[PDB]
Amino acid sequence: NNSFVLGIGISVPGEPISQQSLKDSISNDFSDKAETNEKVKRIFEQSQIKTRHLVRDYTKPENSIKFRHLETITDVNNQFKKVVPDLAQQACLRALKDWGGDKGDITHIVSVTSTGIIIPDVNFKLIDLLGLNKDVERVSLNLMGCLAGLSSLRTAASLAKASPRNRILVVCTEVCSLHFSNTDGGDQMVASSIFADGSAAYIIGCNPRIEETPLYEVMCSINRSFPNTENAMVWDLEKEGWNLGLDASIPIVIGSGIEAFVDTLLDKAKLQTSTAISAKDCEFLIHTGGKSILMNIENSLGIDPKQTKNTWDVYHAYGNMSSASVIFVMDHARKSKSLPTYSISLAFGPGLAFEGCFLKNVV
């Protein structure tokens, strides 16, 4: 009587943009100081990202980053509004076909994002787009940040467990390329090197049905909050646009609290899997937030590259797409033909806050 993710689908803006051309393009347009331009060029190189998908292709002259200061919150949001209905429809569409059922059987529709404000929200707009039951229940999980991915899985898990009749459809879609900035300092350069746009959707429910082919068994999931760190990650709504802030301590902070957290998750799991699980035997499906935050976690838990291969594939090929990035990894991971019995999924965002989930690879 545990919820199951019954299908996943992704969707991205256009084709893969080279991280190298973006490096050249952005790094050379960032300013009029070679010293400050190399400092960007450097960050890209050491980013370890091969490609990203962007609604705003900065390698195109018109979209250069040196023009962003001429745009306001109206510009990017109005645009966002023009680029997100379709992307979510696409992922939603694919995640429905992967699920298998009859879209009339979908009881819930959950929309997720923190990169733009759309009212009516994305989940409402899709009702008619996908032709779902006009009465389908709506849930708008917005403003949770990069961790929103595991936030939705978690919430949809309980929703799914409120009745076996329920079949919750979830779409996490975020567009960051619209918000790059050539101001301040480091966190700004970094952000312009790792964030990308994307949309991921999945169907979830309890008591799998005759024609449904389960992907992951969501055994349990948790979350943690850390006091006195609300400024670690900033995303402020301002007339010029969203003001981003990433503290240099984020990597190490996450790293130092990761183990204790993974331990709290494992104890909850052992309440079912009565066979004392080791994270060392688990596949790691982590939110592709950044190479430093990804390596710090690997280190602190003393885990091997084999357990986080799938997430690195996602990060190399898409980078950080905020909330969707977790789901993207899950998708590509079930495509593998060698998943341990179990998987640990991690995500972190504004807060600070950790999101964790313990799954059983059913595919």
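Residue positions are given as counts along the sequence shown, with the first one as 1.
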| property | result |
| --- | --- |
| Entry-level comparison of average CA B-factors, 130-138 and 72-80, reporting the higher stretch | 130-138 |
| Mean Cα B-factor comparison, 101-109 or 190-198, giving the higher one as deposited | 101-109 |
| Among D57, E38, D331, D313 - the residue whose C-alpha B-factor is largest in the record | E38 |
| Selection from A162, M144, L271, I254 [criterion: highest C-alpha temperature factor in the record] | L271 |
| Lowest, middle or highest third - CA B-factor, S323 | lowest |
| Chain-wide C-alpha B factor ranking for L339, given as lowest, middle or highest third | highest |
| B-factor third for the C-alpha atom of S345 within its chain | lowest |
| Lowest, middle or highest third - CA B-factor, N243 | lowest |
| Record-listed C-alpha B factor of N123: chain third | lowest |
